[PDB]
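Student: So for the sequence shown, this note's numbering puts the first residue at 30; every next one is plus one.
Cβ atoms here follow ideal geometry from the backbone N, Cα and C, with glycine treated the same way.
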Amino acid sequence: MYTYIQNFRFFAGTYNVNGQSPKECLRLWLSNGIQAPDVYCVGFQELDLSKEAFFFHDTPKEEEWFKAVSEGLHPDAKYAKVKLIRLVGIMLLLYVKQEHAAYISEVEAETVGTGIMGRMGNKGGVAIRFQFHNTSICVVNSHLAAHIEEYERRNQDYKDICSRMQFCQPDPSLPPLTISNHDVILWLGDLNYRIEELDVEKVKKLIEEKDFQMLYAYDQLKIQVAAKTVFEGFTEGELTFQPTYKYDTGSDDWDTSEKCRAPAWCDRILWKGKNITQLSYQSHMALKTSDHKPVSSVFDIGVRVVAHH
Ligand SMILES: O=P(O)(O)Oc1cc(OP(=O)(O)O)c(OP(=O)(O)O)cc1OP(=O)(O)O
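1. Counting Cβ pairs, one atom from each stretch, are 3 or more of them under 8 Å apart for the region 96-106 and the region 51-71?
2. With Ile119 as the anchor, note down where its beta strand (DSSP E) starts and where it stops.
3. What's the call for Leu220, buried or exposed, on a 16-neighbour Cβ count within 10 Å?
4. Please find out if some non-hydrogen atom of ligand 1 comes closer than 7 Å to the beta-carbon of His162.
5. With distances taken Cα to Cα, identify the nearest neighbour of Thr43 among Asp296, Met314 and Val332.
6. What is the residue span of the beta strand (DSSP E) that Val68 lies within?
7. In this structure, how does DSSP classify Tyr310 when only helix, strand and coil are distinguished?
8. Could you check the C-alpha separation between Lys233 and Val332 for me, to the nearest Å?
9. Do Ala138 and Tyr124 have their CB atoms nearer than 8 Å?
10. Report the partner residues of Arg333 according to the DSSP bridge assignment.
11. Can you name the start and end residues of the alpha helix (DSSP H) that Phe241 belongs to?
12. Between the Cα of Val229 and those of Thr285, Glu265, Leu250 and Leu215, spot the shortest distance and give me the residue it belongs to.
13. Can you check whether the C-beta of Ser309 is within less than 8 Å of a C-beta belonging to chain E?
14. If you measure from each CB to the nearest heavy atom of ligand 1 and keep those under 7 Å, what residues do you get, in chain order?
15. Taking all protein chains shown into account, decide if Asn36 is buried (16 or more other Cβ within 10 angstroms of its Cβ) or exposed.
16. Can you tell me where the alpha helix (DSSP H) with residue 342 in it begins and where it stops?
17. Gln249 by DSSP, collapsed to three states: which one?
18. With the cut-off set at 8 Å, would you say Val117 and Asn170 are in Cβ contact?
19. Go to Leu59, then tell me how far its alpha helix (DSSP H) extends in each direction, as first and last residue.
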């Protein structure tokens, strides 16, 4: 027989829920204005901010946000859960259309904590790798170090997730599988890279002027990726939406606190691999449950399908 490449719809989502429980229907983020995707990749940050969850215990939030996502998915297709992985507050969900599950194999799920003392799960990354038909796919949900001046820590947090994240393969003699050893790599999550140089007022004025081209010129990730310190070989879509950090819970008004935190593109989606075509890169202003806004991305990814007779 022979193999050909078939395009599939992949959904990629990130949402920092800031220890909150779902108080809004997740249809606005997961299936509003889109065709039913073939594969769903739903990542989260700060799922539970309690002491109990921090000491690696279980949480009611896991099921709370799992039911909310399942219901929020596209109603035109029946979805089957492939895997669920969670490190403290960092979660990553994988769903496929029932019709695709038979062609899903070699599923692995690993966690890497890069937080307090570079080992705790407060900040780190979770990942689900699998094989859809004849193509190896790895999805990473990372929550890198917080605050503006901590850009060198964020670069190290990326290098840590990359070097420690190893998935077991069938051949034990072969070197362990790392994120880089995959046909398709989708990296999402709260990367926390802020906006440098500019004053809090200059950042807010640029968003009012809707001049995201000028604001992006000072984006810490863009600067670090150019310096070849992070996401080497990775691509990111043009930011057409306003920064998703920091809002007042229940509104679209910027942080009105003693801190008065300056806006930043904290939640990003980046890919690496052959046959990937990004169809969209949006933010969802409608969901006010957190101080962050959910970010989505829909791709047209090529998968090697076997042609029998
Ligand atoms: O390696 P082969 O036997 O020369 O090519 C075929 C392999 C097939 O899989 P299997 O190892 O025999 O189970 C095969 O089965 P299929 O009919 O595609 O489910 C057929 C093979 O040769 P083909 O009939 O595609 O020319």
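Tutor: Put simply:
1. Because the criterion of three Cβ pairs below 8 Å is met, the region 96-106 and the region 51-71 touch.
2. Counting along the chain, the unbroken beta strand (DSSP E) around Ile119 starts and ends at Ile119 to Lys126.
3. By the neighbour-count definition (other C-beta atoms within 10 Å, threshold 16), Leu220 is a buried residue.
4. Every heavy atom of ligand 1 is 7 Å or more from the Cβ of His162, so no.
5. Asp296 is the residue among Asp296, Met314 and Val332 whose C-alpha sits nearest the C-alpha of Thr43.
6. First-last of the beta strand (DSSP E) with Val68: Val68 to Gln74.
7. Reduced to three states, the DSSP call for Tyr310 is strand.
8. If I take the Cα positions, the gap works out to 42 Å.
9. No, the pair does not count as a contact, with Cβ atoms beyond the cut-off.
10. DSSP output for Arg333 lists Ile34 as bridge partner(s).
11. Per DSSP, the continuous alpha helix (DSSP H) segment holding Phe241 begins and ends at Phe241 to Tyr245.
12. In terms of Cα proximity to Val229, the closest of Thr285, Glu265, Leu250 and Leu215 is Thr285.
13. No chain E appears in this structure, which consists of one protein chain only.
14. Residues with a Cβ closer than 7 Å to any heavy atom of ligand 1, in chain order: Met30, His337 and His338.
15. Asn36 counts as exposed, since fewer than 16 other C-beta atoms from the protein chains shown sit within 10 angstroms of its C-beta.
16. In the structure as shown, the chain starts at 30 and stops at 338, and residue 342 therefore has no counterpart that could be examined.
17. In the structure shown, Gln249 sits in a helix (DSSP, three-state: H, G or I).
18. No, Cβ-Cβ distance for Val117 and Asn170 is not below 8 Å.
19. Segment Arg56 to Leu59, the alpha helix (DSSP H) holding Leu59.
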